[PDB]
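Peer 1:
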Amino acid sequence: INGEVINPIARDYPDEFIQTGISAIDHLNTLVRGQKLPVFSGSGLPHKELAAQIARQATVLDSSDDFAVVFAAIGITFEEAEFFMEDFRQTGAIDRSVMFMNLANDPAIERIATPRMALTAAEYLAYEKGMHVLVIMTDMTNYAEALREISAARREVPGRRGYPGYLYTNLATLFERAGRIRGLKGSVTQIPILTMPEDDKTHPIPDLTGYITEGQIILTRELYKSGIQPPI
Amino acid sequence: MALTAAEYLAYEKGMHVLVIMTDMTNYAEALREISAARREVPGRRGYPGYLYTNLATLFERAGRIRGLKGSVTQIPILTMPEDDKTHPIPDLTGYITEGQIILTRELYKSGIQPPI
Amino acid sequence: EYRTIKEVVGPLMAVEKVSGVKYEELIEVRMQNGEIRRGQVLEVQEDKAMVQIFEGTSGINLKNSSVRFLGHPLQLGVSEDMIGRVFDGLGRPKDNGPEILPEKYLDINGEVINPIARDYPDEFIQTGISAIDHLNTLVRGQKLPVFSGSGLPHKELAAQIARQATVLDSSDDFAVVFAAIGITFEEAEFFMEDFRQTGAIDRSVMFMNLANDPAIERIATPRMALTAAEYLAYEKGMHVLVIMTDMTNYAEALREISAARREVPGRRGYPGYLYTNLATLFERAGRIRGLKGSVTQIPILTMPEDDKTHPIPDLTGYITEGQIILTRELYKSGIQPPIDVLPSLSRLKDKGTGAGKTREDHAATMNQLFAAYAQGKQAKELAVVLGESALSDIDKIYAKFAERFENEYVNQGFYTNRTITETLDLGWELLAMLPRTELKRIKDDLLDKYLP
Amino acid sequence: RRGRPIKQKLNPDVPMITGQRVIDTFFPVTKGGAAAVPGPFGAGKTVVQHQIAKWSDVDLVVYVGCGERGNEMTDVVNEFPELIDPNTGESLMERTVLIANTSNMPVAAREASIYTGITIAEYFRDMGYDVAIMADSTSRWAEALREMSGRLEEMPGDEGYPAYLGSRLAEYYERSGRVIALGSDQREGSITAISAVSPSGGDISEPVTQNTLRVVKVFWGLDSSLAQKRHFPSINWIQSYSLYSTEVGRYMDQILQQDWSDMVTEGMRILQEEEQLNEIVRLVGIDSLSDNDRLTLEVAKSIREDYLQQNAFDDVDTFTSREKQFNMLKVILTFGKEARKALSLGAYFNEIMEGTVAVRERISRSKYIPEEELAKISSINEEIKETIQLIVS
Amino acid sequence: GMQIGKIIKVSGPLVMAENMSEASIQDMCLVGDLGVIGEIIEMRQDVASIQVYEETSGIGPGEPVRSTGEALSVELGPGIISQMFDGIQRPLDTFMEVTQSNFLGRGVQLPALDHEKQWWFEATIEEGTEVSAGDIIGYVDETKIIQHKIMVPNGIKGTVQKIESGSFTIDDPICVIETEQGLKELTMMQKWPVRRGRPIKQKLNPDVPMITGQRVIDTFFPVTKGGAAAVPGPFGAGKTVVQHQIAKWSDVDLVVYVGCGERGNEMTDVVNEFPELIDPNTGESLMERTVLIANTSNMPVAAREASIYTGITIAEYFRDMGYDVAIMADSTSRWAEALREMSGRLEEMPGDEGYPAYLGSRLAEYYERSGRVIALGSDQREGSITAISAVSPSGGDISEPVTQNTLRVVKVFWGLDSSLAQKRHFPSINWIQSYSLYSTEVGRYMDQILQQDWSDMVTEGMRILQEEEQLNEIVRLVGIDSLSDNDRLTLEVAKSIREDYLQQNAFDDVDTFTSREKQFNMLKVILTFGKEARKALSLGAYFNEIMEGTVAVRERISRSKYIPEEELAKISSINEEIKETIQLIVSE
Amino acid sequence: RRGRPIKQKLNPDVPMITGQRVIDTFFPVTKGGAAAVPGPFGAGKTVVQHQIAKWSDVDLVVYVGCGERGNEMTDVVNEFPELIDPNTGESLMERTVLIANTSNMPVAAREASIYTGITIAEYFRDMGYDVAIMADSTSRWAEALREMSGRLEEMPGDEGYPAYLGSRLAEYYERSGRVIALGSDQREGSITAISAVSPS
Amino acid sequence: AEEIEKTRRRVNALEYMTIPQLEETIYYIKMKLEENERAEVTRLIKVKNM
Ligand SMILES: [Cl-]
C-alpha cells in the first residue's frame, strides 16, 4: 500500500475540465483532471457537506465513461461516516464509488493505513484498469495526529509545532500519488480535505500541504455565519 | 501546617476560623524548585504537571461539615507574575477557588482604596 | 598521537584512551586520506575528550584517522611585520606575501587587565568626521560602536575612518587593525581595494573572514585581530584603532555553534552567554597605567529589523561607551555619513576634548549645537503635523538651522577629511544663524572670541 | 473501559429541549449528540451544566464531578431533591446518578469517574431510556493522564499530555449516541454527552479542547469578556457552532409550521454584521455610521440583551419553551424589519427610536412573560407595525 | 570493496548497522536487501546511524547495508548535456528506457551517464607535455552547440606519454600520464562531491553586465557575469516567462536549471516547456546547451536538499572549461524546506521558524560558489557562474529567513509583482522595490563601451519614475487638472518610460529581445522628449499645446520597441523630429 | 553565603539623604531599605549610583562591580579619593570598600562578589554603623547562575534561569535591613541595598 | 472647521496610539511564540535522553 514514486518526466499535464457543479470552484478556482486541489476547512465548518456534494456532482463533459470515486474517511466520527455512506447510497453515487471508512476510535495505525489503502485502490483502477478516478480524503489533520502518536511511541523528537520532521515527505508521498501518466488512459485526481487548527494557515498541516498541492479551496467562518453555502 | 491547625480548631474545637495565607506564588515557586531538581517532565513555564492538584489539596480544605458548629474560611493571597492572570498560578487557582478578588495597578494609581 | 576516535556525531567527535588533555586544547585530525583538520577540546572527562572540528566531520573514517593533541589553545604568531599584511580569520597569510617570522605566539583569548592596573581612556583620536570628532568624540582606549542596518553605508564609513583616523602631534605610532567577519567576497574586495588604493594598507593589519568560511573561524577572527592589536599597543607602544564588521555575523556564527552543541537558547535564540562573550572582546579595549600605547575599538553592527532592542545592539550597548547611529531617514536624504546625532552618544568624550587636545570651544559649541538641532528637529516635526503657521518666528529659524546642520555639517562626503579645527569653525558658522541671545549654553567669553 | 454492545448506532436527529435560548436556538444539541463547553475560569460553566441537567427532556441524568469542587457536589445533592417536575410529582434526584471525584481526591480516580459514569449511562440506554451524561471537567481527566505519562517518563505530546490523548477522548465520545439496543424488542435509546473543558487562559488551542473539537459536534465557547459584563450564559455566539443546526432547523420548521430556520439564520447574520461593524467603531468611532448601520447595532443589541441573556435564577427566565422562544425571536426580528422599511420611507433613525420606547420595553421584558400568557408576546408584532407607521406619517 | 554492514535496528526513517567501521561519515549507502537510498550520519565504534530517504517498510535486522565509499557525488563527462536528472543525478530518461516503467523503483541503481555510448575524442595536446589540473587534453563535440572539453582532473599532475584521437566510451583510457606515482590512465569522466566547490586559480569581481535583452533588467537592475539575483515567484506574475526569456537570450554558453522540490504538475510544465524553448542563434532546442534537474515534492529529501548543489557542481565543471554558465534554481524556498525537514529528523536545536541554525551558512556556501573566476590550468582561462534564484515564501513576505539570508549574499533583487500583472504590465518587475548593487559598476562599464552618458540617463530615468509615485498620490487626492505643467509633463515622461520602455512582450518577434545599442536609443528619445518639452515650457509654451502638437512623434516613440535591429536609425531620427516639432509649437 | 546573625530586624523608617531631588522627594529610600534601579543601556545608571555613594549620609559604602565595565571601576578608584568631605577632611575612598569582577573576569566570581560584599556590609552593620551596598549589576549575577545551571544540566525555569533564581534574590535582599545587632550593647545598625538591574 | 478637527483627532488616535500599540503587540507576541517553541523542543530533547 506504499505505492511507487512516479518518474517526474512520466507525468502528463492536466488537460480536462472537471465540473464540480459548484460556481466558486468551476469558474474561479477550476479543478482539472490530474490536479491535487485540497479544501482547507476548520472545526464546525461544513467541509462534510461540501465533500459529499463534490463526490455527488463531479463529472467530465462528454467522455461517456464517468468518474470512479474513491472516498477515504480518516479518523472521523461514526455519525459523519454514516452521513457519507447514507448520502452515497441514497443518490446512487455508491455504484460509482469505493469507500474506505476509518473511525475516530479506530487504532492510530489503522488511520495511517487508510489513505494508503485508498490511494492503492485508486492507482489500480486508474493506471491498471484505465479509469478516471477522483480521490476525496478527509480529514488529513486526523492522519497527521495519528503520525504523532506513533512517533511518540518511538520516542522521536518532534519538528516544527510538534509534528514529525518527516511530515513533509509523508504528505508529499501521499499527495503526489496523482495525475495523468504519459501513454496511459486513466488518471488520478485528488481532493484532500483538512481542518486548519485554530483556523491557522501557517500551521504545518495546511502550510506544507499547500507547498505540495496545486492550490487550495478555503472555507471561512465569516461566510458560514452569514449563511453562505458553501462558505468558500 | 496552617490548614491542619485550622481544620483542627474548626472541626475538633468548634471554632469559626479565618485562614489568611500569603504569598501563594512563593508556594508554587518552591514546588517548581523541587520539580526541577527531580528532573521531572515540566508543564507550563517549568511548573510541574501536578500544580492544579497540589493547589487543590490546599484550597479544598475549607467549608463546613453537617452537624458541626465550626467552619474554615480561606483568603489565600497571591501576586500574579507580570500582572498576568493567564499565568499558571492565578489561572489554576481560579479554577479551584470560589471566585477571586483582583487588585489592579490602574485603580491603585488613581487613588482607589481598595483598588478592586 | 591517538588512533582511538570512538564516536562521531555531527561536527562533534569523542576521542578515548587519552591522557594529559586539557580544556580548550587545540587538536589536529590526520584523516585516512592525509587531509588535516584542526579542532578544539570542548570537554574532557577521565580518558575521553569531546572535540569539535572547525571544518566539520564529513568524510572522516574513524578507525583510520588519528588525533594529535597540540598542548596549547588557539594562538597567533605575532610580529611587527604584520603591518601592511592581510590574513584570514585564523591568521594565515592571504596576500601571497613573504614568510612571516613570529617573535612569539599568543593565546588569542588574551589576558584580563587588572582593574587596578587599567588606565581610563584619554586623549583625542581625529576620525576626520565632524559628527564624530565634535559631537561624539572618539577617545584613545574607548569602545565606540556603529549601529547600522541592511542597505546602509556602514562599509563606506568604516573604510573612511580607517584611512582618515590619526593622532595629532604624534608621528609614526598609530596603526589600524581591520577585522572583516563573515562578509561576502565582493565586500571583502571593496575593503581590500580601498585600503590599497589610498595607502591605508601601509599602516594596517587586516584579518579577512568570509561568509562561507567555517563558523568557528568567524568567531576566532575578532580574537586574532585583538591579539595583534594588544601586541602592537602594549609591546610596541602604539596607538591602535580596531575596526570590526559585521558584529551581527559574529553573533549569528555564535548562535550556529551554540545550536550545534544543543545548548539552551537564550533570548531570541542567541546563547545565554552572548553578553559575556561580547564583553570578552570589547573589554580588550583601553589603556594601561605606566604603559605607552592603547587599544581603541569600533565594532560595527547591523541592527536586525532596525530594532535597537534586539540582543545584538542591546547587549553591545550595555558593554560599549556610547554608540554611533546611522538612519535610513538621513540616508534617503543623501547625508554622508547618515549619522543621527540625537540618539548617538560618546560617554568618554570629555577625556579627548578641550584646550591642548582639540580646542577650548569644543564642549560649549557641542552642547549648543546638539541643543539647537534637537529644537530645530522638534520645530520641523511641528510643521509637519500642524502646518507652517504653527511655528513662531524663532521656531522657523531653528528649523532652518537643522536643515543646514544636516546638509552642510553632518553631510561631508565619504572621501572628505575634516580637521577638528575645520569642524569647530564650521560649527560657529551654523550657530551664527541663531540670535546671540539664544546661545544660552555658551558663556560670554567664548561668544565674544569666536562668534563670527 | 469496554463499551456496552449495541445492535446499531443511529443518527441523533431529535433536538434536546434545554430551555436555554442561546442553546436551543443557535447552537442546539440532539438526543444522542455530543457537546463541549470550553471556557476560562469563572465563566459560569457550572450554572450552564446544572441548567441542562435540570431542564433537559431526558429520562435520566448521570452527573460526573471529575476533579472539581466538593461544594458543587454538595449543592447538587441538596438542590436536586427540591426540584419537582409538576407533570410527575417526582424530584430531579429521582432520575439522577452522581459520580464524585473531587480535585483533592485521588488523581487516578478522575479517569475512573469518567468511565464509571459512561458505563452506567449505557446500562440505562440499553433499557430504552434517553440519558444525558455530564462530565465536569474533562480537562482534569486529561491532566491525570498527563501526570501519569510524566511518571512513566513517556515522550509527551503538546503541554506534556500523552500523544494518545486524542485517542482516549475519541473512545469516550464514540460511546455516546442514539442506538438500537440488543434484544428481540430492538429498543431505541440514547446517550447525550455534555462535557466541560477548562483551557488555561481560555486558550482553546490547547490539546484538550482541540482534540475534543475533532470528535464532538457542538461547541459552546464560553467567553471571559461576556462573563465580566455579566452577560449569561457567556456563550460566544461568533466562536460557537452546532453541527446539528441544519437538521434541528428542519425539525423546528415542521413543529412550528414557521420559517424558523430562516429566522435563526437572519439572527446570526445580524450578530455577525454587528461584529464586523464593531471592528470599525472601535478603531474609528460611531461618528460616520449611517442610519441603517445604527439600526443593525440596535437589533443586534436587542438579540444580545433581550434574547441571548438569560437569568438562571429567575423563576420564569430559567426556562423558555420552544413556542415562547419563537415568539420572542419573531418580535425582535419584526422590529428590525419594520424599522428597516421606515428608513427607506424617509424616516430617521433618531425618530424611529424615540417613538418606540414603550414597545421596545415590552420586547426587553418578554423573557419574563409566563408560559400561559404567550399572547402578550405575540401581540407586540402589531404594536410594532402600528407605532412605526405612525412615525412615518 | 569495503565491509558490508549488518542492520541491527530499523526505527522509522532511522537505521542502525554494525560492521560499518570501514565506512565514513556522510557516505551514501544502499540500505537493506532492496538497497534503498540512505546516508551515514553518525558512527559509534563499528555502529553507524543511518538516515534513510525512502520507505523502510519491509526492512529488518540482519539485512545488509552497503556504503558507496563516497559522499554524494556527480559523474561529469560526455553525455551530461540535454539530460534530465533528479537531485542525486539519477538519469530520469534512462530510468524510463531501462526499467520500462513510469516509476522510480526502490532499489534500482542506474549510472548517471551512458558508459557504453561511443564518442569521438579529438586529441589537441602533444605527447611529452607537462600537465596539471584544468589542462585541456582534447574535446568532444557533444551536442550541436556545445563542445565538451576534456580536462586533466584535480589530483593529477605529470607528463603526457600517450594520446590520440579516436572513438571511445567514457570508461576507456584516452590518455597516459607519467605522474610521481607512475604511469596512470585517464578517461573522459571524472567524479566530484556536490558539497565541495571545484577549485579555481582566483576568484574575480563580476563587473561585466549580462545582456539579457530584457530592458527593465539590463538598464535599471542589471546582473553581471558572476553575479546573483533573487526573484520572488507569486502566482500569476509571469515568473516562468521571465525565466524562459533569461535562459534563451542571456549571453551565456550553458544553462543549468534546477527544480528543487516542486509540485508534481508544476514540475511537468517545466519538463514540457523547456525543451520547446529554441536557441535564438542555432534554432536548435535550448536543451542542446542545458542540463536540467527535476525534483517533485515526493523525491527523496536528500535529492531535494542536494538539488542546488548537484546543479552548481555541474555549473562549476563547465565553468572550469572557460564557459559562462547560468544556474537557475526554482524554488530555493523548497530547497530550504528540505533543510528544515532534515533539521527536525536530526533532532537539532532549531534556528528561526524551524530552519536549521546553519541555514544562513548553507546559503552563503551556495552563492559564494557562483562568480567569475580564473580556472585552473596553464591557460589561466576565465569562466563564470551567474545565479538566478526563485524564492516563494508562504505569504509573499520578504522578511522570512530564506529570502532574508539570500539577500545578505546576493546583490540583485527583481521584485515580481502580481498587481502589476493584473494591470497588464509585463514583465511584472516592480521598479520601486527592485534593486541592483551592480548598477554603479555596470554604469561605468556602459559609459565606456558606449562612449555615452548612459549612467546619467539611467539615474534620470529612475528619478522620473520615483517622482511619478509622489505625483500619483496628489492626482488621487486633488485631481489631475490641478497639477502644474511641469508635473503633468513628468507624469507623461514617466508614463512613456513605463509603457514604451519597461513593458516588453516576450512573445513578440522583435520586442522579445532588445540589443544594448537599441536600449540606449530608446531611452535617449524618451528622455529627449521630456527635455525638449520642459525647455518649451520655460520658453512660454503650454502643456496641452505640447501634447496636442506631438501626437505623431510620441507614437513613433511608442512603436520604437518594434523597430528591427537593422533599422535602428528609425529610432535615432526621432530625436530630430522632437526638437523640430516642439520648435514649431513654441513658435505657433 | 550565610547571613551574619542579629538580635532582630527593625522597620527601616528613617529616610536616607541622597541629596538627589527626585529620589529624596518622590521615591525615597530609608536606612535599611532596598531599591532596584532597572534601566536600558545608556540611561545613566552609573552616574546615579555614584551620586548615591558620594552623598548619602551613611558611615560606609560597599560598592560591588558585578559583571560590568572595567572603566567604571577605574573611574571609582580615581574619583573617590578626590571627593573630600569639607567637615572631616576625609575622602569618600576612606569609607569605601570596592569589590570588582568585571564582565570579562571569571563568570562564577560574579556571584562571589555579591556575597563577599553583603557579608562585609553585615560586618560593619554589626558594629552599629549605617552601610550602603551597591550592586551593579545584579543581572550579571543571574547570568552567572544560568551559566552554571546549564553546566549542571538543570531544568531551566523562566528564560533559562534556574528555578531557584527567585529565592536566591529574596535571600540576598532579606540580608539588608535595619537591625538590633548582637551584643549586650543592643546597638542598632543598617544595610541599605541599591541594586542596578539590566533588563534586555 | 469643527468637522476637520474631529476628523483630525480620529487620524491622530490611529496614527500615534492605535496603530503603534498594535504593531508593538504583534511584534511581542510573535517573539514570545518563538521563545516558547524553543523552550518546548529543549524540554523534549531532555525528555528524549531520559
Ligand atoms: Cl549602560
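Residue numbers (the entry's author numbering), protein chains in the order written: chain D, 111 to 342; chain F, 227 to 342; chain E, 4 to 455; chain C, 194 to 586; chain A, 0 to 587; chain B, 194 to 393; chain G, 157 to 206.
Think of the CB as a built atom: it goes at the ideal place given N, C-alpha and C, for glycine as much as any other residue.
1) Along chain C, in chain order, which residues have C-beta atoms closer than 9 Å to that of D/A262?
2) Helix, strand or coil: which one does DSSP assign to A/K116?
3) Give the residues of chain D in contact with G/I201, contact being defined as C-beta atoms less than 9 Å apart.
4) Can you find a C-beta in chain G that's less than 8 Å from the C-beta of C/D480?
5) Excluding the 5 residues flanking E/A254 on each side, which residues of the same chain have their C-beta closer than 7 Å to its C-beta?
6) Quick one: what's got a C-beta closer than 6 Å to B/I210's C-beta in the same chain, skipping five residues either side?
7) Does the beta-carbon of E/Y278, which I'm using as the reference point, lie nearer than 7 Å to any heavy atom of ligand 1?
8) Rounded C-beta distance between D/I291 and D/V245? I'm assuming under 8 Å.
9) Determine, using beta carbons only, whether F/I322 and F/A288 come nearer to each other than 8 Å.
10) With burial defined as no fewer than 16 other Cβ atoms inside 10 Å of the residue's Cβ, what is the status of B/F219: buried or exposed?
11) Taking a contact to mean a Cβ-Cβ separation below 8 Å, would you say E/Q371 touches E/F150 in this structure?
12) Quick one, which of D/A178, D/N139, D/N215 and D/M241 has its alpha-carbon nearest D/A191's?
13) Shorter than 7 Å, the distance from the beta carbon of E/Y321 to the closest heavy atom of ligand 1, or not?
14) Counting only the same chain and skipping the five closest in sequence on each side, list residues whose C-beta sits under 7 Å from that of A/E340.
15) Which runs of the alpha helix (DSSP H), 4 residues or longer, sit entirely within the region 438-466 of chain A?
16) Comparing C-alpha positions only, which one of E/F417, E/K9 and E/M369 sits nearest to E/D428?
17) Nearer than 7 Å: is that true of the beta carbon of E/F404 relative to any heavy atom of ligand 1?
18) How long is the line joining the alpha carbons of A/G548 and E/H313, rounded to whole angstroms?
19) With distances taken between CB atoms, is the gap from B/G196 to B/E315 smaller than 8 Å?
20) Less than 7 Å between the CB of B/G258 and some heavy atom of ligand 1, yes or no?
21) Indicate, with yes or no, if ligand 1 has a heavy atom lying under 7 Å from the CB of C/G395.
22) When DSSP builds the beta bridges, which residues end up paired with E/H242?
23) Of all the residues that make up the region 465-498 of chain C, which are near chain G by a beta-carbon distance shorter than 8 Å?
24) With DSSP collapsed to three states, give me the class of C/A386.
25) Kindly indicate if chain C contains any beta-carbon less than 8 Å away from that of D/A254.
Peer 2: Straight from the coordinates:
1) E347, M348, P349, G350, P355, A356 and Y357
2) coil
3) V267
4) yes
5) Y273, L277 and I315
6) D250
7) no
8) Between D/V245 and D/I291 the Cβ distance is about 15 Å, and since that is not below 8 Å, they are no contact.
9) no
10) exposed
11) no
12) D/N215
13) yes
14) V300
15) 438-449
16) E/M369
17) no
18) 59 Å
19) yes
20) no
21) no
22) E/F177 and E/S297
23) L476, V477, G478 and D480
24) strand
25) no
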